[PDB]
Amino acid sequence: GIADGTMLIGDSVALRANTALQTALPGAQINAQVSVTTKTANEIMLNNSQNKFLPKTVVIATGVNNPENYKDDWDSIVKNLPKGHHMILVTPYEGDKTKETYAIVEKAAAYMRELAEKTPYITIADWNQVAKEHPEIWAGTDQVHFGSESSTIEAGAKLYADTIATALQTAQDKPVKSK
């Protein structure tokens, strides 16, 4: 089967948390890039699988950028998860409730929760919920990229990383996709 291991395919928010992620998950493969969307994460996931580089646990840390197509994008990436893997979906957070995309990001997070609740080989990492509980990391920010100063960047990054680490713990006794 697929070798154990974790690969995170992530967006600009994941990239901001890169140091905290690597500290919380030593030995995880963190592939986060500014421009990544759910659409391109799906492509990256399959390219890695096809080159035999994708380990068992796949963390998709996307959703806030280009959120309009969330239903099709999240349905597709779940459908395209290869056999042999467990998937962690990191919900997105747009904090500005007046942004024209806010309702879309909120619907995307809710839809991802539905996919995780119903699919035995998926676990949620509910950053959307965590972010809402910590207004202090959003003071002075663009409401997406946590922390406006050194201390709150570190604090927000730790919260982000710990959300994913906890999801990985929850996933430990769960099945992979199999036929």
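Sequential numbering from 1, following the sequence displayed.
Q: On mean Cα temperature factor in this entry, is 6 to 14 or 167 to 175 the higher one?
A: If you average the C-alpha B-factors of 6 to 14 and of 167 to 175, the larger mean comes out for 167 to 175.
Q: Take the C-alpha B-factors listed in the entry for 55 to 63 and for 125 to 133, compute each mean, and give the stretch with the larger one.
A: 125 to 133 has the higher mean C-alpha B-factor.
Q: Which has the highest CA B-factor per the PDB entry: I44, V144, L115, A139?
A: Largest recorded C-alpha B-factor: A139.
Q: From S35, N69, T38, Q50, which pick has the Cα B-factor that tops the rest in the entry?
A: Of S35, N69, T38, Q50, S35 has the highest C-alpha B-factor.
Q: Based on the entry's values, in what third of the chain does the Cα temperature factor of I77 lie: lowest, middle or highest?
A: Bottom third by C-alpha B-factor.
Q: Place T101 in the lowest, middle or highest third of its chain's C-alpha B-factors, as listed in the PDB entry.
A: Its C-alpha B-factor belongs to the middle third of this chain's values.
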